[PDB]
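Taking it in order: structure first as structure tokens, then the write-up.
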Amino acid sequence: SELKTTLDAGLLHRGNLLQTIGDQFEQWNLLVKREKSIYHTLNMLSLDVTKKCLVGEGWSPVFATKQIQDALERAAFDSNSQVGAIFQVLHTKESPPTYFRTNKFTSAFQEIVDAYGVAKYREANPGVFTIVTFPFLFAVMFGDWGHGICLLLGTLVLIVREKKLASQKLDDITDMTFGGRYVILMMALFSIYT
Amino acid sequence: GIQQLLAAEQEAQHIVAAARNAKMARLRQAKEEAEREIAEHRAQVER
Amino acid sequence: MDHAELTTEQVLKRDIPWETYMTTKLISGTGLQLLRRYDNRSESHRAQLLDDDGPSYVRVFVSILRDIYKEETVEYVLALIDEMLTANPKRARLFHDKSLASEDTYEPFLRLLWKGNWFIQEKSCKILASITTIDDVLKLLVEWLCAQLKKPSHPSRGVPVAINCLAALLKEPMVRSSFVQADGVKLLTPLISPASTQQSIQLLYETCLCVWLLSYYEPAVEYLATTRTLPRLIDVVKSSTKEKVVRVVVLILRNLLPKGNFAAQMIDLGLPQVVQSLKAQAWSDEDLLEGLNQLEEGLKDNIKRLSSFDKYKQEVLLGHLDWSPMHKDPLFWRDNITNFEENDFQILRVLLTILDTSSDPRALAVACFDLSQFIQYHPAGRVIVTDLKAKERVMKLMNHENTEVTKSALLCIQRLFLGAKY
Amino acid sequence: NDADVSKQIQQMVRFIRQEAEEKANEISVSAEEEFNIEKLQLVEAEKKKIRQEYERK
Amino acid sequence: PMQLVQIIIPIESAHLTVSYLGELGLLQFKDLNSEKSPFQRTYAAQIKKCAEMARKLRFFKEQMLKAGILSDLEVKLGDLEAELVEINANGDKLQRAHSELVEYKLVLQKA
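Protein chains in written order, with PDB author numbering: chain A, 292 to 485; chain B, 9 to 55; chain C, 1 to 131, 156 to 446; chain D, 2 to 58; chain E, 23 to 93, 107 to 146.
Shown next, in the form of structure tokens:
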């Protein structure tokens, strides 16, 4: 009985400690992710001891580079360093991969269309036309104004519950369906019109 | 840029080399000077 | 220096027509003509005029500029004099000549101290550079800082400019010994941790290099012993990323390392852990890393002395127990068990009473950790602790607040517990 | 140019100030202190030996 | 329309600059230094130490999850994990002692 009481007390103390240990590990997960990102940057990008700085080059959006580099330099200066980071541009004959900016609703359609590939930094983007073309064609194959209402209603609940849906996980097929709620709603509206 | 940054590094390396030589120079100079001073001090004992 | 150059710009930009003031009798007419020649010594060197070759002509002009008290008039000449000592082409020799001639040195002394803050900084810079007992006397607790620093900022506006004057004195050992008699040492330790400057390393590096020279002087070593937060000032310098700034803090610490003070730093500030943290910190200089290894070696010798005190139960006697590395370490703990049991655990029994009631929960926790070491080596030692009521206190102490007290008490409760039931 | 040349000159100034004012100054002052101490450390022993010889005489 | 950007982040704030850049994120990392392997490389040894710390933190998190917990920093996490492991070992030893004593009590009562 004494040994069981001691074991119970030790287990209770361990659980009480783990209650805060898990809370600390919650933020430690993001800390470890940031450390891993910095480690990948260090192992991938070299540095100059003569410059006593980490230097390199990489692709960046011109619009983003208009403010991101300045913000990084300002943060480096605010980090009590003797001098902030650089913001110089670089040029090369190679064509870096690039992605067009994705909106909150256009993201799903853009991802669906991009499953065939990508293009140059500012080349043709068939996603712009197909964002409405696919609803403009998939409606005909299912044109019946008694079921399109049902499809829209089913999509509508997903859009409404999006606040809770974004947090709670679901089935893999269910998650894939919820990923394109706006596209599903647009297709349902087109089908209702058809 | 890179060449401009390299000049500061070369100057720093030259200053480092000068500082490194300064140690031996000062050590030898002080040794000789204090040998003369110690000889004078020992001569004072004779007086 | 850029900081010297920015102050030198403010003066040489603004122009001063001496000959008008000379007619008013503010300045000598010959001196007014000399002041223009001294500034244009470089132009004379370009013309290859014989005037440029002669140091005395510039030195006489420098003496007239030094005599002027108004900051603007003096600066338009003092900045030229500072440029002259810096530039070989214009009045390179005059600076050495001014010190050599008694009258020119006296004129710099008149310019020194009481002067416009920009001029006082400029005057207290040429006088400081060799190219002096009087300069050492001019140094005082207020110093040129009463004008070079943020108070009366004018153009110099910087404690570091005043610190640069102090750094110049550090070079003469007797002057540093004289500066040790002067106060402001406590202010200097906080000031050495300057955090705001165009270059972070520049703000503290000038103070750091001087501190290494200060360590060498024995009277200044006595002043250093009085100074507190020395580990904190070194820790802030270690926190500064520049390897050289940290290395100067480390070089000063190594040169003035007192085994007792270093042991105190190891016991309270974890100086040995800081040496490991020095390896953790990136260091460009090989010497800085070599010094950190040297610091651990010296810390290890201090730890051996601490181990003898732990066996002696010196802390037990004072009732002023503290964590220290050897007591926690198992090999030292195994020898300590017998030492703690001096006679029927008599030394341990005093510790058990201290564990039951301690001035701090952490102090009781330190006693509980030591009790866990002794209990592991000998079961009978725990029985004596139960008689002292230390064992009864441990169970309540696990419930008691404080992370150190709760963790140590939980270990003590489990340590007894493992043995009661097999 | 512009920000790039400003960063270049800032890097040059920072490097020269860190290597010269912070590090090279440390080596120079350490060398000076060693010069002060080391040979006097033997001058003391030489003086003691001279005193012993004078006592014998 | 992206483009190349070349910059230098001083070692005095290289970690801070990397953290600030990762707060928002604009430019993908390069791959020039990747040919040197996790063996030293530019800072892969430091990356190796960070990876070891992350592995220790992951082991601690897995232990906490096994315990039903709810979710210098690396050193603190390792110390907490060691304390939890010691507490679990003490509890297991006490439970084993209780089981042995209960078995002995049952045998003695039957005898």
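For every residue, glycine included, the Cβ atom is placed at its ideal position computed from N, Cα and C.
Under 9 Å by beta carbon: chain C residues contacting residue i
{"i": "E/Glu34", "result": "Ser224, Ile225, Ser264, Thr265 and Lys266"}
{"i": "A/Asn394", "result": "What A/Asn394 touches in chain C: nothing, since even the nearest Cβ is about 41 Å away."}
{"i": "residue 566 of chain A", "result": "No answer is possible for residue 566 of chain A: the residues shown for chain A start at 292 and end at 485."}
Assigned secondary structure, residue i (DSSP; H/G/I helix, E/B strand, else coil)
{"i": "A/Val380", "result": "strand"}
{"i": "C/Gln305", "result": "coil"}
{"i": "A/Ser351", "result": "strand"}
{"i": "C/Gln222", "result": "coil"}
{"i": "C/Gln400", "result": "helix"}
{"i": "C/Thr381", "result": "coil"}
{"i": "A/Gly306", "result": "helix"}
{"i": "C/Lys266", "result": "coil"}
{"i": "D/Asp3", "result": "coil"}
{"i": "A/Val374", "result": "coil"}
{"i": "E/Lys83", "result": "helix"}
{"i": "C/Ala389", "result": "helix"}
{"i": "E/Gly44", "result": "helix"}
{"i": "B/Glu48", "result": "helix"}
{"i": "A/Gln459", "result": "coil"}
Under 8 Å between C-beta atoms of residue i and residue j
{"i": "C/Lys126", "j": "C/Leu80", "result": "no"}
{"i": "D/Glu22", "j": "C/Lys266", "result": "no"}
{"i": "C/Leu78", "j": "C/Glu122", "result": "yes"}
{"i": "C/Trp236", "j": "D/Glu27", "result": "yes"}
{"i": "C/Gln397", "j": "C/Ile371", "result": "no"}
{"i": "C/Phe364", "j": "C/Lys337", "result": "yes"}
{"i": "C/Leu215", "j": "C/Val272", "result": "no"}
{"i": "residue 148 of chain C", "j": "C/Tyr241", "result": "Any question about the placement of residue 148 of chain C has no answer from these coordinates, since chain C jumps from 131 to 156."}
{"i": "C/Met422", "j": "C/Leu412", "result": "no"}
{"i": "A/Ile483", "j": "A/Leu447", "result": "no"}
{"i": "C/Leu293", "j": "C/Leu316", "result": "no"}
{"i": "C/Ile437", "j": "A/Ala300", "result": "yes"}
{"i": "E/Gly126", "j": "A/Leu294", "result": "no"}
{"i": "C/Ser63", "j": "C/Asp104", "result": "yes"}
{"i": "A/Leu333", "j": "E/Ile69", "result": "yes"}
Identity of the residue in the options nearest residue i by Cα
{"i": "C/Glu83", "options": "C/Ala171, C/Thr8, C/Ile16 and C/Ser331", "result": "C/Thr8"}
{"i": "C/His3", "options": "C/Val270, C/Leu162, C/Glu230 and C/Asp359", "result": "C/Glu230"}
{"i": "A/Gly306", "options": "E/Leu115, E/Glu121, E/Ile91 and E/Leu108", "result": "E/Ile91"}
{"i": "E/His37", "options": "A/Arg392, A/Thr297, A/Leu322 and A/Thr296", "result": "A/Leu322"}
{"i": "E/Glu45", "options": "A/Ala457, A/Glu453, A/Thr424 and A/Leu363", "result": "A/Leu363"}
{"i": "C/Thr381", "options": "C/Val409, C/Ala171 and C/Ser332", "result": "C/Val409"}
{"i": "C/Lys352", "options": "C/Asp394, C/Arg37, C/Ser308 and C/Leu238", "result": "C/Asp394"}
{"i": "E/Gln25", "options": "A/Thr465, A/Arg365, A/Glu348 and A/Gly418", "result": "A/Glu348"}
{"i": "A/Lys411", "options": "A/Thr341, A/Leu294 and A/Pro352", "result": "A/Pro352"}
{"i": "E/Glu74", "options": "A/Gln315, A/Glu326, A/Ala457 and A/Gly471", "result": "A/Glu326"}
{"i": "C/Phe441", "options": "E/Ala124, E/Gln68 and E/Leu49", "result": "E/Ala124"}
{"i": "A/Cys344", "options": "A/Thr297, A/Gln358 and A/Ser372", "result": "A/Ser372"}
{"i": "C/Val269", "options": "C/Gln223, C/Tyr57 and C/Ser331", "result": "C/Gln223"}
{"i": "C/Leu280", "options": "C/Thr251, C/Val298, C/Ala306 and C/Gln297", "result": "C/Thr251"}
{"i": "C/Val299", "options": "C/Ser383, C/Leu49, C/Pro184 and C/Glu314", "result": "C/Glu314"}
Residues that residue i contacts on chain A, provided the C-beta gap is smaller than 7 Å
{"i": "C/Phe441", "result": "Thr297"}
Contact set between residue i and chain A, taken where Cβ atoms lie within less than 9 Å
{"i": "E/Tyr139", "result": "Near E/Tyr139 there are no residues of chain A at all, since even the closest Cβ is about 12 Å away, more than 9 Å."}
{"i": "C/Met1", "result": "What C/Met1 touches in chain A: nothing, since even the nearest Cβ is about 14 Å away."}
Partners in chain C for residue i, counting only beta-carbon separations shorter than 8 Å
{"i": "A/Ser372", "result": "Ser224 and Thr265"}
Bridge-paired residues (DSSP) for residue i
{"i": "A/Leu345", "result": "A/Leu338 and E/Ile31"}
{"i": "E/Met24", "result": "A/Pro352"}
Chain B contact residues for residue i, given Cβ-Cβ distances below 9 Å
{"i": "D/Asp5", "result": "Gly9"}
Closer than 9 Å at the beta carbon, the chain E residues around residue i
{"i": "C/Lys415", "result": "Result: empty, since nearest Cβ-Cβ is about 16 Å, beyond 9 Å."}
{"i": "A/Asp314", "result": "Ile91, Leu92 and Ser93"}
{"i": "C/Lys431", "result": "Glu118"}
Proximal residues of chain D, C-beta to C-beta of residue i below 7 Å
{"i": "B/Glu19", "result": "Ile17"}
Residues that residue i contacts on chain D, provided the C-beta gap is smaller than 8 Å
{"i": "B/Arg50", "result": "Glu47, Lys48 and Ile51"}
{"i": "B/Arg28", "result": "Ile28"}
{"i": "B/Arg44", "result": "Per Cβ cutoff of 8 Å: no residues; B/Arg44 is ~11 Å from chain D at best."}
Listed by chain order, chain C residues near residue i by CB distance under 7 Å
{"i": "A/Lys343", "result": "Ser308"}
{"i": "D/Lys24", "result": "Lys268, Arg271 and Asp309"}
Within chain F, the residues that residue i reaches when beta carbons sit closer than 9 Å
{"i": "D/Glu35", "result": "Any reference to chain F falls outside this structure, whose protein chains are A, B, C, D and E."}
Amino acids of chain E, ordered along the chain, whose beta-carbon sits closer than 7 Å to that of residue i
{"i": "A/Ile450", "result": "Result: empty, since nearest Cβ-Cβ is about 28 Å, beyond 7 Å."}
Chain-ordered chain E contacts of residue i [CB-CB under 8 Å]
{"i": "C/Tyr446", "result": "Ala132, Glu135 and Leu136"}
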